[PDB]
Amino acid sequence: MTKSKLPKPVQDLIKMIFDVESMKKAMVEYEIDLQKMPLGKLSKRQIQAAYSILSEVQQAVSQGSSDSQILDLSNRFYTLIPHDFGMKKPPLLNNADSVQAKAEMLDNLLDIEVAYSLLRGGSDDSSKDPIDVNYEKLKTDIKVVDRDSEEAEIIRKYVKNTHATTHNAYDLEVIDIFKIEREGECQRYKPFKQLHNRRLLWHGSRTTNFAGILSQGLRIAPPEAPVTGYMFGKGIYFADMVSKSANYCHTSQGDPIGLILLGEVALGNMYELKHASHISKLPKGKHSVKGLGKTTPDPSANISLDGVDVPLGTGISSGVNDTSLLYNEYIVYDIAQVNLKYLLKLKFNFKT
């Protein structure tokens, strides 16, 4: 029963990541029936089967098949994943929007099952602090960045400048800044180290998903996932506006604490797009996809950190007239193209 000697901000981060209740709330927010399907009953092969049904809906809508088939698959989805809408009609998976919503839901369900499997596995010893046991389950070095260092100065300027005016529901306060080093990730990222056009970008996600993000990195949606459920196909999505990525933390007024990622991304040749392009492979010679947004952080204020460009400029007009994106988007389709550097802990102070 040796109390953990880890830094207090790290211990708080471990407790917040490995909280079983936060997993249960996240499933309740999706209106999943926890009585007919509790958290311990979540299965990876069950989520993959739900991914396949979403893919069956995608192909039926395209091939002009029976919309009656699209009704049977919708009811199949709700039998596979038991929900509880009370007295309301469940949303019908009959169009592309419904597929994207349930695709995003299964991405968080797959990460929740990963966090719970990580928690209830391995070995156990009641002589060690549970905080110490969970920290080594992540297989990640986690150090607190000093508040007065130039790293924290640049990171704060990154959060300070790239908060979009459209995302007016809140403003962000940086609580903690962690310098993370995933086990073995640096060797995996080595072939992309001297690739040109490397940037430090944001990645937001649910807090419960970070037990798997630190354990296995940022993954691509499984093969069973429908490629049309994501705007630019099955890849890893990043942004340069801190508010665009913080929206994917799914932070509520009840739980206003968020976790966001700062990662070095080997972009290389950017396939610049303006609208949806559901692809799994890039054209030969390209290494990433950039969704051109109307507003881009000023390129004149670009600075470097460890040889990595940091687009912390104020948002100005990009010079792109016809685009379906308000802000930029960076997508890679190889997991080795990501090197996670920092992990931030943000307080969401919702306004107006």
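Each residue number is its position in the shown sequence, starting from 1. Only the largest set of C-alpha atoms that superpose within 1.5 Å between the two forms is called the rigid core.
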After superposing on the rigid core, which of 34-42 and 63-71 has its C-alpha atoms sitting farther from this form in 5 other deposited structures of this protein? 63-71
Core superposition done, the stretch whose Cα atoms deviate more in 5 other deposited structures of this protein, picking from 240-248 and 225-233, is 225-233
Quick check on the record: does 232-240 or 265-273 carry the larger mean Cα temperature factor? 265-273
Selected stretch [higher average CA B-factor]: 36-44 or 52-60: 36-44
Residue, from 75, 205, 216, 98, that the PDB entry assigns the highest Cα B-factor: 98
In this PDB entry, which of 212, 86, 258, 226 has the top CA B-factor? 86
Among the modelled residues of its chain, does the C-alpha B-factor of residue 253 lie in the lowest, middle or highest third? highest
Lowest, middle or highest third: which one holds residue 138 when the chain's residues are ordered by CA B-factor from the entry? middle
Divide the modelled residues of the chain into thirds by Cα B-factor and specify which third, lowest, middle or highest, holds residue 319. highest
Can you tell me whether residue 311 has a C-alpha B-factor in the lowest, middle or highest third compared with the other modelled residues of the same chain? highest
Taking the entry's C-alpha B-factors for this chain, is residue 345 in the lowest, middle or highest third? lowest
